Amino acid sequence: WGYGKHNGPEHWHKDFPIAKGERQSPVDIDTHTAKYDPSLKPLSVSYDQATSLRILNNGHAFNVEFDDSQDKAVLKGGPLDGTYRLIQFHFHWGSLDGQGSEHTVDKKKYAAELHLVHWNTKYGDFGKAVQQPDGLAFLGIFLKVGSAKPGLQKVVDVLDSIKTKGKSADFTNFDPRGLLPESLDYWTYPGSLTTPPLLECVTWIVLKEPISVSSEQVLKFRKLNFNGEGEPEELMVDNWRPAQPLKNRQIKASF
Ligand SMILES: [Hg+2]
Ligand SMILES: [Zn+2]
């Protein structure tokens, strides 16, 4: 599986039949059909204690890994019941500035999309979490090209070191708080992972307000390789999956 013509998203159903399921992500967020829900509580992001460990290029993106052996960085409140631990964050970007995001807003696509992955601490590990309907909680942040994001520079600078698939680098004392928008207004609906295995174990929390990043910050993303070292270079671009059918599901707004 990849994002190429021959192993692309249109082919995932073959190896992963859930690709055609009832609660697949991403989806188009129709802001006029979204249901404002008052009973929705405010999001609770406690990342003060976050412990970043390393960064790795897994051939389809780069992951910043956190120590989830304890409740250091958690997510609670909103639509969620119980606490979710941060395990990793990664992005989805485009070849050009007019594409890259997975989720769209009134059909509008952003340059990138940030996903902070959390697992329900009542299931004990990530492994078991992927076996439950309420196992995961994904925090989605849209990215747009504008002014630089100071808090992303650290990441941007480490990329040189993990250019090819399989590479990794120590990446400690990285604070995710610096990737958060001003507002915490959000859309929420029941979805899935946007990459194989595409498990329908996720509660999606997409923030309304996007973070802005400089063109030169996005450029460094586009310098990455899908390929391993010593193989023909295939730039890591367009690593996003097209919007899926909502299929009777209802998208709710906290605003
Ligand atoms: Hg599941
Ligand atoms: Zn993702």
# chains A, B, ... in the order shown; residues from 1 in each chain; ligands from 1
call {"tool": "residues_near_ligand", "arguments": {"ligand": "ligand 2", "cutoff": "8 Å", "atoms": "only C-alpha atoms and all ligand atoms", "output": "mmCIF file with N, CA, C and O atoms, in the first residue's frame"}}
result
data_model
loop_
_atom_site.group_PDB
_atom_site.id
_atom_site.type_symbol
_atom_site.label_atom_id
_atom_site.label_comp_id
_atom_site.auth_asym_id
_atom_site.auth_seq_id
_atom_site.Cartn_x
_atom_site.Cartn_y
_atom_site.Cartn_z
ATOM 1 N N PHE A 89 2.337 11.838 16.805
ATOM 2 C CA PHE A 89 1.762 12.869 15.894
ATOM 3 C C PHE A 89 2.531 12.643 14.538
ATOM 4 O O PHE A 89 3.647 12.188 14.554
ATOM 5 N N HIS A 90 1.784 13.040 13.501
ATOM 6 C CA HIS A 90 2.344 12.919 12.132
ATOM 7 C C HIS A 90 1.488 13.895 11.288
ATOM 8 O O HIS A 90 0.470 14.361 11.792
ATOM 9 N N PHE A 91 1.857 14.127 10.078
ATOM 10 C CA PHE A 91 1.203 14.992 9.128
ATOM 11 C C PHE A 91 0.894 14.252 7.831
ATOM 12 O O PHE A 91 1.263 13.104 7.617
ATOM 13 N N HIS A 92 0.168 14.930 6.992
ATOM 14 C CA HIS A 92 -0.274 14.546 5.627
ATOM 15 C C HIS A 92 -0.052 15.862 4.850
ATOM 16 O O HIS A 92 -0.625 16.834 5.358
ATOM 17 N N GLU A 113 -2.306 18.493 7.141
ATOM 18 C CA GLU A 113 -3.187 18.092 8.205
ATOM 19 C C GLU A 113 -2.311 17.336 9.249
ATOM 20 O O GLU A 113 -1.509 16.478 8.957
ATOM 21 N N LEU A 114 -2.442 17.745 10.479
ATOM 22 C CA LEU A 114 -1.762 17.251 11.656
ATOM 23 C C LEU A 114 -2.675 16.357 12.437
ATOM 24 O O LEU A 114 -3.849 16.781 12.677
ATOM 25 N N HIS A 115 -2.204 15.224 12.802
ATOM 26 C CA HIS A 115 -2.978 14.270 13.582
ATOM 27 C C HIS A 115 -2.221 13.853 14.829
ATOM 28 O O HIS A 115 -1.110 13.364 14.756
ATOM 29 N N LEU A 193 -8.914 5.113 11.095
ATOM 30 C CA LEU A 193 -7.502 5.475 10.780
ATOM 31 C C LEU A 193 -7.640 5.827 9.236
ATOM 32 O O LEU A 193 -8.544 5.263 8.618
ATOM 33 N N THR A 194 -6.783 6.693 8.771
ATOM 34 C CA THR A 194 -6.770 7.081 7.372
ATOM 35 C C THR A 194 -5.709 6.316 6.592
ATOM 36 O O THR A 194 -5.478 6.608 5.383
ATOM 37 N N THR A 195 -5.076 5.345 7.217
ATOM 38 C CA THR A 195 -4.080 4.454 6.607
ATOM 39 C C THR A 195 -4.390 3.051 7.135
ATOM 40 O O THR A 195 -4.981 2.827 8.187
ATOM 41 N N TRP A 240 -1.954 11.545 1.476
ATOM 42 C CA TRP A 240 -3.330 11.822 2.040
ATOM 43 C C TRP A 240 -4.324 10.967 1.270
ATOM 44 O O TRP A 240 -4.185 10.707 0.065
#
call {"tool": "closest_atom_pairs", "arguments": {"of": "chain A", "to": "ligand 1", "cutoff": "7 Å", "atoms": "only C-alpha atoms and all ligand atoms", "output": "JSON lines"}}
result
{"residue": "A:130", "atom": "CA", "partner": "ligand 1", "partner_atom_place_in_ligand_line": "1 (Hg)", "distance": 5.0}
{"residue": "A:131", "atom": "CA", "partner": "ligand 1", "partner_atom_place_in_ligand_line": "1 (Hg)", "distance": 4.4}
{"residue": "A:132", "atom": "CA", "partner": "ligand 1", "partner_atom_place_in_ligand_line": "1 (Hg)", "distance": 4.0}
{"residue": "A:133", "atom": "CA", "partner": "ligand 1", "partner_atom_place_in_ligand_line": "1 (Hg)", "distance": 4.4}
{"residue": "A:135", "atom": "CA", "partner": "ligand 1", "partner_atom_place_in_ligand_line": "1 (Hg)", "distance": 6.4}
{"residue": "A:199", "atom": "CA", "partner": "ligand 1", "partner_atom_place_in_ligand_line": "1 (Hg)", "distance": 5.4}
{"residue": "A:200", "atom": "CA", "partner": "ligand 1", "partner_atom_place_in_ligand_line": "1 (Hg)", "distance": 4.8}
{"residue": "A:201", "atom": "CA", "partner": "ligand 1", "partner_atom_place_in_ligand_line": "1 (Hg)", "distance": 3.5}
call {"tool": "select_by_dssp", "arguments": {"residues": "stretch 126-250 of chain A", "states": "strand (DSSP E)", "output": "list in words"}}
result
residues 136, 137, 138, 139, 140, 141, 142, 143, 144, 145, 168, 169, 170, 186, 187, 188, 189, 190, 191, 202, 203, 204, 205, 206, 207, 211, 212 and 213 of chain A
call {"tool": "atom_distance", "arguments": {"atom1": "atom CA of residue A:138", "atom2": "atom CA of residue A:157"}}
result
25.2 Å
call {"tool": "closest_residue", "arguments": {"among": "A:101, A:120, A:203, A:44", "to": "residue A:77", "atoms": "only C-alpha atoms"}}
result
A:44
call {"tool": "atom_distance", "arguments": {"atom1": "atom CA of residue A:75", "atom2": "atom CA of residue A:118"}}
result
7.4 Å
